[PDB]
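**Student:** so I pulled this structure from the PDB, and the sequence comes with it:
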Amino acid sequence: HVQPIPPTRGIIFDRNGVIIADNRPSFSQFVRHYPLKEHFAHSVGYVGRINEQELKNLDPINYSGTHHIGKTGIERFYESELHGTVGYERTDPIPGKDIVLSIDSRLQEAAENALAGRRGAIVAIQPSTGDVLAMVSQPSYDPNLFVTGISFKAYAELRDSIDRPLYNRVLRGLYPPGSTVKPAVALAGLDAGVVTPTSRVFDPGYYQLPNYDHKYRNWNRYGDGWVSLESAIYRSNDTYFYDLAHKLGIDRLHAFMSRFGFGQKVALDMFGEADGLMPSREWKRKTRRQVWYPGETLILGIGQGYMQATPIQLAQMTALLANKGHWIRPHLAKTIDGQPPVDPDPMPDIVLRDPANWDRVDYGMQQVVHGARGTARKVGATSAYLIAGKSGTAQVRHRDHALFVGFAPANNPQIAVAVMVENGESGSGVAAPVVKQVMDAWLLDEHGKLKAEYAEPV
Ligand SMILES: *C(=O)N1C[C@H](NOS(=O)(=O)O)CC[C@H]1C(=O)NNC(=O)[C@@H]1CCNC1
Ligand SMILES: [Cl-]
């Protein structure tokens with residue numbers, strides 16, 4: 001008599017080879033094991049028993065003897081590769097393909113530590129390679145409770161908590177990116193030619209389009225005076241980008257911010273990534289069926305309105321500013337079966353008509369943290385490396401979310417981080433120190449100094 005044999009699920013490693021997912025022996029068959037538990041619930045995901053629906057959507061041959069299936073995260077997206085082929089009693093089953101993740105969990109743990117128990121999300125990207133060095137969504141849960149079947153009570157402890165431990169804030173958490181988009185908006189205006197690196201704008205504390213008497217007010221009521229590209233970035237002036245978005249138009253704004261990855265998903269291998277929203281004139285005609293008003297473009301110049309962005313879309317934009325426009329999609333899976341995965345649908349690189357604008361916007365982001373009048377100047381006083389970042393706030397009872405993106409070292413980008421702290425208020429005061437703690441753990445040795453590898457200038 002012949003009898004089928006199930007295959008063993010592929011092992012999951014981090015970027016340094018620490019095991020993220022084993023298989024443990026049980027009797028009356030292997031169970032999947034997550035030896036780091038909550039530190040990867042939203043990155044790797046988990047597996048569970050196979051339901052009524054997914055059984056009529058799986059090979060009865062290859063999945064014979066396989067009673068569990070990927071549910072979310074990496075286990076699902078690469079369920080095919082991690083599964084394998086069955087054997088027969090001896091045709092031996094070929095074990096599932098092993099996956100090496102890009103995440104360094106010495107940075108994943110340091111990021112969760114930097115979040116300090118607050119609800120939110122942290123995403124770290126290596127801009128030259130696209131490796132997702134960290135993917136953090138707080139709070140967490142133990143993925144080892146669904147592998148065997150989770151008690152309908154313990155599920156409720158997850159489901160009926162208002163902190164939402166099941167919410168993957170990195171992938172399905174959509175927030176108005178706020179002031180953090182202003183570097184990309186500046187590049188949109190600089191590219192079109194409506195604004196030049198030295199062209200000035202007087203800030204009386206408000207902006208009016210040449211038709212209405214209505215005033216679009218600056219976050220500083222009394223104004224910043226004459227502001228240029230750099231002054232507009234390290235002070236995050238709203239009137240400068242009110243004026244920039246006006247002279248640019250939403251037709252060429254939505255097109256530019258789309259090439260930065262806003263609108264649809266950015267990553268290569270992230271299950272259930274929300275597209276986000278980059279509003280255009282065609283969207284509002286479909287969705288709301290009303291003509292686009294020129295006042296709706298000005299709120300977009302400072303990252304507001306109906307615009308929706310996921311914390312990974314933000315981090316990819318941060319890596320893009322670090323990468324000088326070379327488009328490489330973020331990806332968790334570093335290698336599959338020992339070779340890196342290939343992007344089937346790449347994104348075109350962002351080729352500016354004056355490539356020096358990259359260094360000018362980066363220098364504006366650079367003075368955000370280190371300038372004498374930067375919003376996050378206190379963060380730069382405690383730094384051993386140059387940080388080209390920018391703080392912001394998201395729009396929302398309770399307060400509003402604090403945001404801060406940034407890459408470092410500014411002159412040789414090795415890390416790109418985007419942080420969203422729920423109800424943090426001060427992008428400069430809470431979200432900025434979290435980036436610097438995440439960036440510190442990646443760049444600093446264990447004695448507080450910058451690593452030898454990253455110090456040399458290029
Ligand atoms: C961007 O989101 N803004 C710029 C400020 N810089 O962030 S931080 O606090 O330095 O870290 C933060 C506030 C936010 C802002 O409010 N910008 N201005 C507006 O939204 C209009 C002025 C008041 N009504 C809207
Ligand atoms: Cl200030």
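**Tutor:** Done, it's in. Residues are numbered from 1 along each chain as shown. Ligands and ions are numbered 1, 2, ... in the order given.

**Student:** quick one: furthest residue from the center of this structure?
**Tutor:** Among the residues of the chain, the one whose C-alpha is farthest from the average of all C-alpha positions is residue 1, by CA atoms, centre = their mean at 52.9 Å.

**Student:** report the separation between that residue and residue 66.
**Tutor:** Distance check for residue 1 against residue 66: by CB to CB, to the nearest Å, it reads 20 Å. Every C-beta, even on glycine, is put in place using the N, C-alpha and C of the backbone.

**Student:** same check on residue 151?
**Tutor:** Here the distance between residue 151 and residue 66 works out to 23 Å (CB to CB).

**Student:** of the two, which one has the most company?
**Tutor:** Taking other CB atoms under 10 Å, residue 151 and residue 66 do not tie; residue 66 has more neighbours (19 against 10).

**Student:** correct me, but that one touches residue 4?
**Tutor:** No. Taking contact to mean CB atoms under 8 Å, the distance of 9.6 Å between residue 66 and residue 4 leaves them out of contact.

**Student:** and the residue lying closest to residue 346 once chain neighbours are set aside, how many neighbours?
**Tutor:** For residue 346, ignoring the flanking residues on the chain, the nearest one in space by CB to CB, 6 or more residues apart in numbering is residue 327 at 6.7 Å. The local packing count at residue 327 equals 19, with neighbours defined by other CB under 10 Å.

**Student:** next one: phi and psi at residue 408?
**Tutor:** Summarising the backbone geometry of residue 408 under the convention degrees, to the nearest 10, its torsions are phi -160, psi 150.

**Student:** now residue 399
**Tutor:** Dihedral angles phi and psi of residue 399 (degrees, to the nearest 10) take the values phi -80, psi -170.

**Student:** could you export stretch 142-157 as CSV, CA atoms only?
**Tutor:** Included here for stretch 142-157 are C-alpha records, laid out as CSV according to Å, rounded to 0.1, in the frame of the first residue of the first chain:
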residue,chain,number,x,y,z
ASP,A,142,2.1,35.9,20.1
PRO,A,143,1.9,34.2,16.7
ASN,A,144,2.3,30.8,18.5
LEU,A,145,-1.4,30.9,19.5
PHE,A,146,-2.9,30.5,16.0
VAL,A,147,-0.5,27.7,14.9
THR,A,148,-2.5,25.1,16.8
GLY,A,149,-5.8,26.9,16.9
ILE,A,150,-6.4,29.8,19.3
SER,A,151,-8.9,29.7,22.1
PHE,A,152,-12.0,31.7,21.2
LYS,A,153,-11.3,33.6,24.5
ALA,A,154,-7.7,34.5,23.8
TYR,A,155,-8.7,35.7,20.3
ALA,A,156,-11.2,38.0,22.0
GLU,A,157,-8.5,39.4,24.2
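
**Student:** and the stretch 251-400 of the chain, which residues reach ligand 1?
**Tutor:** 302, 375, 391, 392, 393 (CB under 6 Å from any ligand atom).

**Student:** give me the common contacts of residue 66 and residue 4.
**Tutor:** residue 86 (CB atoms under 8 Å, 6 or more residues apart in numbering).

**Student:** closest residue of the chain to ligand 1?
**Tutor:** residue 179 (2.6 Å; CB to the nearest ligand atom).

**Student:** give me the nearest residue to that residue, chain neighbours excluded.
**Tutor:** With CB to CB, 6+ apart as the measure, residue 392 is the residue that lies nearest to residue 179, at 3.4 Å, once sequence neighbours are left out.

**Student:** for residue 391, same thing?
**Tutor:** If the residues on either side of it in the chain are set aside, residue 391 comes closest to residue 427, at 3.3 Å by CB to CB, 6+ apart.

**Student:** got it, and residue 118?
**Tutor:** The nearest residue in space to residue 118 (CB to CB, 6+ apart) is residue 421, at 5.3 Å.

**Student:** burial measure for residue 128, as a count.
**Tutor:** Summarising burial for residue 128: neighbours were counted as other CB under 10 Å, giving 15.

**Student:** count of residues packed around the nearest residue to it once chain neighbours are set aside?
**Tutor:** Here the nearest residue to residue 128 in space, its sequence neighbours aside, is residue 323; by CB to CB, 6+ apart that works out to 6.6 Å. With neighbours defined by other CB under 10 Å, the count for residue 323 comes to 23.

**Student:** same check on the one 3 residues further on?
**Tutor:** As a burial measure, residue 326 scores 15 neighbours (other CB under 10 Å).

**Student:** run through the residues that contact it.
**Tutor:** Taking CB under 8 Å, 6+ apart, we find residue 326 in contact with residue 349.

**Student:** may I see the buried residues of the longest helix along the chain?
**Tutor:** In the chain, with assignment by DSSP state H, the single longest helix is helix 357-370. Of all the residues in helix 357-370, those buried under the rule 16 or more other CB atoms under 10 Å are 357-358, 360-370.

**Student:** rewinding a little: export the residues of the stretch 251-400 of the chain next to ligand 1 to JSON lines and tack on neighbour count and secondary structure?
**Tutor:** Formatted as JSON lines, those follow (neighbours: other CB atoms under 10 Å; DSSP: H, G, I helix; E, B strand; the rest coil):
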{"residue": "302", "neighbour count": "28", "secondary structure": "coil"}
{"residue": "375", "neighbour count": "26", "secondary structure": "coil"}
{"residue": "391", "neighbour count": "28", "secondary structure": "strand"}
{"residue": "392", "neighbour count": "26", "secondary structure": "strand"}
{"residue": "393", "neighbour count": "27", "secondary structure": "strand"}
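
**Student:** from those, which two are the most distant?
**Tutor:** By the measure CB to CB, these have their two most distant members at 302 and 375, which lie 13.7 Å apart.

**Student:** need the contact partners of the helix or strand hosting residue 252.
**Tutor:** Taking DSSP states H and E as the definition, residue 252 sits inside helix 250-259. Residues lying outside helix 250-259 but in contact with it, judged by CB under 8 Å, 6+ apart, are 181, 184-185, 187-188, 191-192, 245, 263, 278-281, 292, 296-297, 300-301, 347-348, 350.

**Student:** any idea which helix or strand comes after it?
**Tutor:** The next secondary structure element downstream of helix 250-259 (using DSSP H and E) turns out to be helix 281-287.

**Student:** and that next one, what's buried?
**Tutor:** Quick answer for helix 281-287 (16+ other CB under 10 Å): residue 284.

**Student:** which neighbouring elements make contact with it?
**Tutor:** Using 3 or more CB pairs under 8 Å, 6 or more residues apart in numbering; DSSP states H and E, the elements in contact with helix 281-287 are helix 250-259.

**Student:** next one: the helix it packs on to chain centre, how far?
**Tutor:** On the basis of CA atoms, centre = their mean, to the nearest Å, helix 250-259 sits 20 Å off its chain's mean C-alpha point.

**Student:** could I have the CA atoms of it written out in PDB?
**Tutor:** Coordinates of each C-alpha in helix 250-259 appear next as PDB, following Å, rounded to 0.1, in the frame of the first residue of the first chain:
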ATOM      1  CA  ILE A 250      -2.600  69.000  -9.000                       C
ATOM      2  CA  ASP A 251      -2.200  67.500 -12.400                       C
ATOM      3  CA  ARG A 252       1.600  67.600 -12.200                       C
ATOM      4  CA  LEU A 253       1.600  67.200  -8.400                       C
ATOM      5  CA  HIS A 254      -0.300  63.900  -8.300                       C
ATOM      6  CA  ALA A 255       1.900  62.700 -11.200                       C
ATOM      7  CA  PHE A 256       5.200  63.500  -9.300                       C
ATOM      8  CA  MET A 257       4.200  62.200  -5.900                       C
ATOM      9  CA  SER A 258       3.000  59.000  -7.700                       C
ATOM     10  CA  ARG A 259       6.500  58.400  -9.100                       C
END
